[PDB]
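Working notes, beginning with the structure itself.
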2 protein chains.
Amino acid sequence: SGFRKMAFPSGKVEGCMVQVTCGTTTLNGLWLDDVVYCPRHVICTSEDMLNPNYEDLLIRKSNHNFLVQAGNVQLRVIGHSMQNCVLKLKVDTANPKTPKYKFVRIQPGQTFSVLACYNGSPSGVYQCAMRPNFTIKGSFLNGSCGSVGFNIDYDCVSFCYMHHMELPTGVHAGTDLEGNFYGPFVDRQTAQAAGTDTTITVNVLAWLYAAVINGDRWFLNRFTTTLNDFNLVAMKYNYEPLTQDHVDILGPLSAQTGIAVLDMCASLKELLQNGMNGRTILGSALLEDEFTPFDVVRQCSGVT
Amino acid sequence: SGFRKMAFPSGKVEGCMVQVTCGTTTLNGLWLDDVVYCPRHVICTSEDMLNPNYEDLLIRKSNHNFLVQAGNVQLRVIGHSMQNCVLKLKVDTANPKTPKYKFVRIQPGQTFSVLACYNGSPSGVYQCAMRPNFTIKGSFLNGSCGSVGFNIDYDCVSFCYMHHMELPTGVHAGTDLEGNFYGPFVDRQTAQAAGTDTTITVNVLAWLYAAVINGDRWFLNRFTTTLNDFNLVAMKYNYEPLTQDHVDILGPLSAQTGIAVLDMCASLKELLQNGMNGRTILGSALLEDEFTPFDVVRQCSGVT
Ligand SMILES: N#Cc1cccc(CC(=O)Nc2cccnc2)c1
Ligand SMILES: N#Cc1cccc(CC(=O)Nc2cccnc2)c1
């Protein structure tokens with residue numbers, strides 16, 4: 001019973017967080033095996049951020065200029081290299097707490113947990129989604145750069161995000177663990193605007209399935225629709241187009257509840273056109289889109 | 001930038017989760033030092049739950065009847081005792097991962113993180129609040145009993161909740177770590193109804209302060225009110241009465257934003273009377289009450 005915005009347990013990632021300092025800049029790093037990953041903007045002064053030439057800035061740095069601290073003990077840096085927008089600092093000690101891991105680049109609409117850190121110390125964990133405009137709506141202050149996003153499949157941590165920047169609108173941008181930004185963003189103190197933050201339709205449908213499984217059924221109607229008809233309404237409401245791939249992914253939820261995917265689409269269409277009328281679904285007054293179909297199945301079945 | 005429903009990092013609590021089996025019932029336990037704490041209803045069959053006499057049921061149990069497994073290794077039970085609604089199983093090995101800890105009994109309106117577990121294995125972490133009717137709105141399936149609620153102050157874990165039951169309405173009830181239920185609930189398969197789930201006013205005000213700090217200011221109005229006037233409106237909307245103690249606790253947020261507490265109360269009064277008009281605050285279409293004033297300060301300052 002009940003449906004919560006749930007994050008993965010963070011212990012496996014807590015054992016990987018370190019503090020990286022270069023000059024007067026301190027941010028977080030991720031220590032896996034004998035490598036520490038961190039945003040390359042750790043080498044910048046606030047002045048350098050206006051128009052940085054990272055290759056040029058890096059020439060003035062040596063291994064001893066990168067201070068890596070894991071708990072209250074210093075790690076020895078024996079190598080450093082830049083890969084896209086991340087720095088990889090080779091240390092002489094493999095992290096004894098390195099979990100089984102993979103680096104994955106997620107698609108928009110995919111969710112992940114974030115372990116927000118400051119000075120290499122974890123402060124909190126929350127669940128979020130890669131928005132269709134390639135931003136994330138996180139909770140990050142100065143010093144949170146290098147905090148990471150991840151998913152866990154039993155004992156393997158798939159790292160998908162590393163925090164780099166806050167846009168002038170207060171939304172966040174970052175990279176995968178290969179240092180490639182999600183979206184068109186760059187690590188520069190220049191005004192960068194985000195595109196339309198559309199709603200992740202397949203996630204809203206997954207969450208409507210979660211509501212039916214948990215007893216919230218008031219919104220279920222006597223109508224059905226087609227993919228083309230639904231998508232005309234979705235376009236009008238800045239919802240992402242629903243494809244047959246999305247319908248396929250919702251199959252197990254449709255099977256569990258006995259509600260055909262297109263019937264749930266018709267319920268969603270009426271919610272868009274009529275509003276909630278002061279009612280709530282799963283304690284929310286708006287349609288939630290940061291639960292994927294896989295998250296709904298996992299939470300409703302108790303996958304550990 | 002940004003404000004998220006954030007849980008404490010769960011690693012310290014993950015290292016304490018064990019599986020406790022008695023006969024055909026399996027639930028979670030919390031292993032601290034050489035004691036494993038778990039709901040006493042682990043000794044019951046589904047038939048015993050209709051009208052259990054726990055003292056009588058316990059006479060038929062011996063130390064060897066309680067199977068405690070930590071990872072893939074079995075712990076030896078050398079003693080067992082019942083304290084209110086929890087069983088304390090003394091084991092021959094102190095948990096090597098025992099963090100610094102305290103057992104606290106929280107007040108309604110207080111928030112905590114929950115590490116939801118199945119078979120002694122963590123599946124997720126979420127943030128919740130002890131409701132004014134002493135229920136929690138969690139996300140728990142069968143097998144989640146023994147999952148715990150906690151707060152962390154730097155390196156000390158204060159355990160405040162242990163999950164025991166799901167009421168017929170799908171809301172949850174549990175105990176503190178001394179085994180005393182929050183509210184009037186009992187560990188019996190009998191219909192128990194919850195009282196009015198009123199809104200935690202001081203938490204809503206804290207969250208309105210968080211919205212102003214993060215740029216959402218549309219709801220700020222040109223009015224002020226008094227505690228007595230505000231409380232007449234709060235009673236009408238099933239909001240908890242606001243006291244001078246609550247105003248005192250909101251002082252640092254009032255100081256940071258320059259918005260007097262009673263002025264924020266007047267904004268809240270207008271939100272209650274006029275509704276949101278299809279607008280959102282911090283991405284929500286309803287007033288959020290599961291952030292305490294301390295949580296807002298912690299998240300907005302980056303306490304690790
Ligand atoms: N890449 C990059 C980058 C470019 C310019 C400036 C900065 C600094 C920055 O955005 N910090 C920050 C504050 C608050 C939240 N999250 C992050 C980072
Ligand atoms: N004390 C107690 C108690 C009494 C009767 C029955 C039960 C079983 C029960 O409520 N499980 C459960 C399911 C789903 C979520 N959380 C928990 C527990």
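Identifiers for the structure tokens are assigned positionally: chains receive A, B, ... in sequence, residues are indexed from 1 per chain, and ligands are indexed from 1 in the order shown.
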Ligand 1: which residues are within 10 Å, counting only C-alpha atoms and all ligand atoms, as number ranges by chain?
A: 27, 39-42, 44-52, 85-86, 138-147, 163-168, 170-175, 181, 185-191; B: 1-2
Determine which residues of chain A sit within 8 Å of chain B, taking into account only C-alpha atoms, and present them as JSON, numbers by chain.
{"A": [1, 2, 3, 4, 5, 6, 7, 8, 9, 10, 11, 12, 14, 115, 117, 118, 121, 122, 123, 124, 125, 126, 137, 138, 139, 140, 141, 166, 170, 171, 284, 285, 286, 300, 301, 302, 303, 304]}
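Residue nearest residue 95 (chain A), chosen from A:36, A:296, A:57, A:204 and counting only C-alpha atoms: A:36.
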For region 58-60 of chain B, find every residue with an atom within 10 Å (counting only C-alpha atoms), except residues of its own chain fewer than 2 positions away, and show them as a PyMOL selection string.
chain B and resi 40+43-44+53-56+62+65+80-82+87
Using N, CA, C and O atoms, can you write the selected residues to a file as an mmCIF file, in the first residue's frame?
```cif
data_model
loop_
_atom_site.group_PDB
_atom_site.id
_atom_site.type_symbol
_atom_site.label_atom_id
_atom_site.label_comp_id
_atom_site.auth_asym_id
_atom_site.auth_seq_id
_atom_site.Cartn_x
_atom_site.Cartn_y
_atom_site.Cartn_z
ATOM 1 N N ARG B 40 7.073 -7.663 17.121
ATOM 2 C CA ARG B 40 6.751 -8.892 17.837
ATOM 3 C C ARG B 40 5.782 -9.777 17.039
ATOM 4 O O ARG B 40 5.819 -10.984 17.236
ATOM 5 N N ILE B 43 6.176 -13.575 15.425
ATOM 6 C CA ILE B 43 5.837 -14.890 16.002
ATOM 7 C C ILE B 43 4.452 -15.406 15.602
ATOM 8 O O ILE B 43 4.120 -16.560 15.905
ATOM 9 N N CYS B 44 3.645 -14.573 14.951
ATOM 10 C CA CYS B 44 2.282 -14.902 14.591
ATOM 11 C C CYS B 44 2.102 -15.520 13.236
ATOM 12 O O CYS B 44 2.746 -15.140 12.257
ATOM 13 N N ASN B 53 -2.412 -13.261 21.700
ATOM 14 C CA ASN B 53 -1.959 -13.061 23.070
ATOM 15 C C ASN B 53 -0.466 -13.304 22.948
ATOM 16 O O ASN B 53 0.004 -14.455 22.933
ATOM 17 N N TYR B 54 0.275 -12.224 22.768
ATOM 18 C CA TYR B 54 1.704 -12.312 22.534
ATOM 19 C C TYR B 54 2.489 -12.999 23.608
ATOM 20 O O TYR B 54 3.344 -13.817 23.275
ATOM 21 N N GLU B 55 2.190 -12.742 24.894
ATOM 22 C CA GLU B 55 2.905 -13.423 25.979
ATOM 23 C C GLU B 55 2.712 -14.940 25.868
ATOM 24 O O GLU B 55 3.672 -15.699 25.973
ATOM 25 N N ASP B 56 1.468 -15.364 25.572
ATOM 26 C CA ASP B 56 1.182 -16.791 25.420
ATOM 27 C C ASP B 56 1.871 -17.387 24.203
ATOM 28 O O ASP B 56 2.409 -18.479 24.298
ATOM 29 N N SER B 62 11.538 -20.514 21.425
ATOM 30 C CA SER B 62 12.845 -20.592 22.051
ATOM 31 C C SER B 62 13.823 -19.769 21.198
ATOM 32 O O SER B 62 13.526 -19.466 20.045
ATOM 33 N N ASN B 65 14.303 -20.796 17.628
ATOM 34 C CA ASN B 65 13.186 -20.627 16.697
ATOM 35 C C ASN B 65 13.278 -19.298 15.921
ATOM 36 O O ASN B 65 12.564 -19.128 14.932
ATOM 37 N N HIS B 80 16.141 -13.716 24.100
ATOM 38 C CA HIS B 80 15.025 -13.025 23.467
ATOM 39 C C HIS B 80 14.099 -12.468 24.509
ATOM 40 O O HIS B 80 13.927 -13.063 25.584
ATOM 41 N N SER B 81 13.590 -11.271 24.245
ATOM 42 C CA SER B 81 12.669 -10.646 25.182
ATOM 43 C C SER B 81 11.719 -9.746 24.424
ATOM 44 O O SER B 81 12.006 -9.339 23.289
ATOM 45 N N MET B 82 10.565 -9.499 25.016
ATOM 46 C CA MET B 82 9.585 -8.647 24.395
ATOM 47 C C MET B 82 9.567 -7.319 25.131
ATOM 48 O O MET B 82 9.484 -7.317 26.349
ATOM 49 N N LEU B 87 10.294 -7.222 19.617
ATOM 50 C CA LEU B 87 11.100 -8.273 20.170
ATOM 51 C C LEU B 87 12.554 -7.822 20.058
ATOM 52 O O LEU B 87 12.961 -7.224 19.064
#
```
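Nearest residue to ligand 2, choosing from B:212, B:18, B:259, B:162 and counting only C-alpha atoms and all ligand atoms: B:162.
CA of residue 200 (chain A) is found 11.9 Å from CA of residue 243 (chain A).
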